Every structure is written in structure tokens, then in C-alpha cells.
Engineer: 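Sharing a structure here in C-alpha cells format.
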Amino acid sequence: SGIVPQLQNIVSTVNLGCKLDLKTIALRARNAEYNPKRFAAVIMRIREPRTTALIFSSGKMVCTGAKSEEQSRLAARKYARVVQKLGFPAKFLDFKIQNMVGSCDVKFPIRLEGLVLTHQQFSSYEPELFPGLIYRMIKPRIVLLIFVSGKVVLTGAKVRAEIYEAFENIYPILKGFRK
DNA sequence: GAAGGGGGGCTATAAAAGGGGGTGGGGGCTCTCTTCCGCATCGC
């Protein structure tokens with residue numbers, strides 16, 4: 001195909017293995033914001049990795065915004081150290097990547113009306129609700145947002161192989177509905 | 001001050017986290033016959 005999707009966002013969850021005091025973290029953490037009325041977690045941001053992480057009292061933390069697997073793990077470790085630097089016994093346990101978001105362009109307009117007809121079992125095109133066709137691939141459990149402009153967004157992948165594999169499967173299908 | 005324009009939020013997509021709140025599902029017309037009541041009567 002000659003086109004490789006580029007990851008736009010990765011969601012990874014890591015357990016620190018120790019209960020944390022959310023109020024204490026907000027007071028001392030540099031960028032943390034805690035609003036129990038709004039959300040029950042502590043939202044923190046670190047610019048150099050350019051990622052955002054949510055910290056819960058149970059010790060589990062979710063890291064989002066990383067553009068690569070290495071960045072997500074590095075960003076998650078940095079957040080854990082910040083909590084550890086606050087006097088808590090934070091660790092890096094069962095780090096896992098929960099979601100990978102990738103985007104790409106096929107460089108040609110797509111006839112979404114034709115695509116849904118031939119793939120009604122997997123496609124879902126509702127212009128009233130969303131201007132982009134939602135494709136649910138089965139062999140890889142990846143949900144693809146195909147747009148008339150040609151932009152394709154892949155999400156729900158656990159590994160980078162699924163993102164590339166999913167695009168390889170849909171690209172020939174899109175080529176058959178080129179506008 | 002009406003109208004077009006610009007910027008931005010909303011919509012859906014996945015996923016994790018944890019808890020509050022929303023939602024749904026149990027539980028403390030005429031004639032005839034029968035029955036009841038008041039009365040006067042005797043009885044003891």
C-alpha cells in the first residue's frame with residue numbers, strides 16, 4: 001500500500017501498588033488538578049513527553065497522549081516518580097497499553113455510500129450522527145473512522161501490529177470505492 | 001440594529017481508572033314471597 005498509519009494517541013494504565021492521598025498530591029504536585037465534585041481522580045500533565053495522566057486513590061494510574069509505546073512507558077514512569085517523590089511508595093507494576101489511536105490519509109476521496117452497501121455487516125454510516133463512516137473490523141478488533149476526504153482514523157488497538165494490520169485490510173476495500 | 005462571519009463546542013471511536021447518579025425492578029319495571037319489628041294479648 002505504501003502508507004503506514006502514524007499513532008496519534010496511546011492510552012496505558014499502570015498500577016503503583018499503593019494507596020494514595022489525592023488531596024495531598026494536588027497540593028504538592030506541580031501540575032496536578034483535583035476536583036472531586038467533577039472527577040474522582042487527579043489529573044496531571046508533563047510537557048516534555050506531552051502526555052496527561054490520571055491518578056486515583058487506589059494507586060492505579062492511566063497515561064494518555066503518548067505518541068509511541070516508548071513515550072507512554074517513559075511518561076508513565078515519570079508520573080510515578082513524581083508521586084514517589086512526594087513520599088508515597090509508588091512503583092511500576094503491570095504496566096500495559098490499553099488503547100492506540102492512529103491516523104492516516106489514503107490520498108483520494110472515498111464513496112462512503114458505496115462502502116456501507118458492500119460492507120453493511122461491518123460498516124455504520126449515519127450522516128445525521130457523525131459525518132464519518134464507522135467500520136468495525138472483526139479479525140483485528142479495530143474500529144476505523146473513514147471519511148469522504150480520505151482521512152482514516154484507527155483506534156482500539158492494543159499493539160502497533162493491529163494498527164498496521166487493520167489498515168492493510170481496509171486499504172484494498174477503500175481502493176474499490178475510490179471517488 | 002439585522003445579518004453574515006469567525007471561533008469554538010458537539011457529535012462518535014477506542015480504552016483505562018473509581019465513584020455518584022440515573023434507571024429499572026420488588027416490597028410494606030312489576031309481581032310475589034320471605035324476614036324482622038311493634039303491638040296487644042294472655043298467662044304464671
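Below, read A as the first sequence line, B as the second, and so on, with proteins coming before strands; counting in each chain starts at 1.
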Engineer: For A/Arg77, is the CZ atom crowded, meaning more than 12 foreign heavy atoms sit under 6.0 Å from it?
Structural biologist: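 Atom CZ in A/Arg77 is not packed in, count stays at 12 or less.
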
Engineer: Starting from the 5' end of DNA chain B, give me the residue, A/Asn99 or A/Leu54, whose nearest nucleotide shows up first.
Structural biologist: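 Nearest nucleotide further toward 5': that of A/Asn99.
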
Engineer: Flag this pair as yes if the NZ/CZ of A/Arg136 is under 6.0 angstrom from the six-membered ring centre of A/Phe122 and inside a 45 degree cone about the axis; otherwise no.
Structural biologist: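 So A/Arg136 doesn't make the cation-pi contact.
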
Engineer: Please report, rounded to the nearest Å, how far the P atom of B/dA17 is from the CD atom of A/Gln98.
Structural biologist: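 The answer, rounded to whole Å, is 6 Å.
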
Engineer: Nearest to the side chain of A/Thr155 - B/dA14, B/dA12, B/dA16?
Structural biologist: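 From the listed options, B/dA14 comes nearest.
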
Engineer: Once you apply a heavy-atom cut-off of 4.0 Å, does A/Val143 come out as touching a base, just sugar-phosphate, or nothing?
Structural biologist: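 Sugar-phosphate contact only - A/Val143 comes under 4.0 Å of backbone atoms but never of a base.
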
Engineer: If each of A/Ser57 and A/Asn9 is mapped to the nucleotide of DNA chain B with the nearest heavy atom, which maps nearer the 5' terminus, i.e. the 5' end?
Structural biologist: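 With A/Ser57 and A/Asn9 compared, the 5'-side residue is A/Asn9.
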
Engineer: Would you indicate, yes or no, if B/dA14 has its OP1 or OP2 atom less than 4.0 angstrom from a side-chain nitrogen or oxygen of A/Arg136?
Structural biologist: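 Yes, such a contact exists.
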
Engineer: Stacked or not: do B/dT11 and B/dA12 have six-ring centres under 5.5 Å apart and planes under 30°?
Structural biologist: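 No, the criteria are not both met.
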
Engineer: Taking only the side-chain heavy atoms of A/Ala40 (C-beta and beyond), determine which of B/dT13, B/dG19, B/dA16 contains the nearest atom.
Structural biologist: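 My answer, after comparing the listed nucleotides, is B/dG19.
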
Engineer: Sugar at B/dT41: north or south, per the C1'-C2'-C3'-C4' sign?
Structural biologist: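 North, since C1'-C2'-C3'-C4' is positive for B/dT41.
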
Engineer: Could you state the atom-to-atom distance from CE of A/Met61 to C1' of B/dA15 in whole Å?
Structural biologist: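 It is 15 Å, rounded to the nearest whole Å.
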
Engineer: Counting only side-chain heavy atoms from C-beta out, which of B/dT13, B/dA16, B/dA14 sits nearest to A/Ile134?
Structural biologist: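 My answer, after comparing the listed nucleotides, is B/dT13.
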
Engineer: Does A/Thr13 put a side-chain nitrogen or oxygen below 4.0 Å from OP1 or OP2 of B/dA17?
Structural biologist: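 Indeed not, no polar side-chain atom of A/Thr13 lies that close.
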
Engineer: Is A/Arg141 salt-bridged to A/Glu162, cutoff N-O under 4.0 Å?
Structural biologist: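 Between A/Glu162 and A/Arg141 there is no salt bridge, as every charged N stays at least 4.0 Å from the carboxylate O atoms.
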
Engineer: Compare the minimum distances between each of B/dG18, B/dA15, B/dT11 and the side chain of A/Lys60, then state the nucleotide with the smallest one.
Structural biologist: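 Nearest to the side-chain atoms of A/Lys60, counting from C-beta on, is B/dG18.
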
Engineer: Report which part of the nucleic acid A/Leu145 touches: base, sugar-phosphate, or nothing (heavy-atom distance under 4.0 Å, all strands).
Structural biologist: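 Base contact.
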
Engineer: Under 6.0 Å from the ring centre and within 45 degrees of the ring axis: does the NZ or CZ of A/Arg178 meet both conditions for the six-membered ring of A/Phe108?
Structural biologist: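 Yes; both conditions hold, so A/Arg178 lies above the ring face of A/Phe108.
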
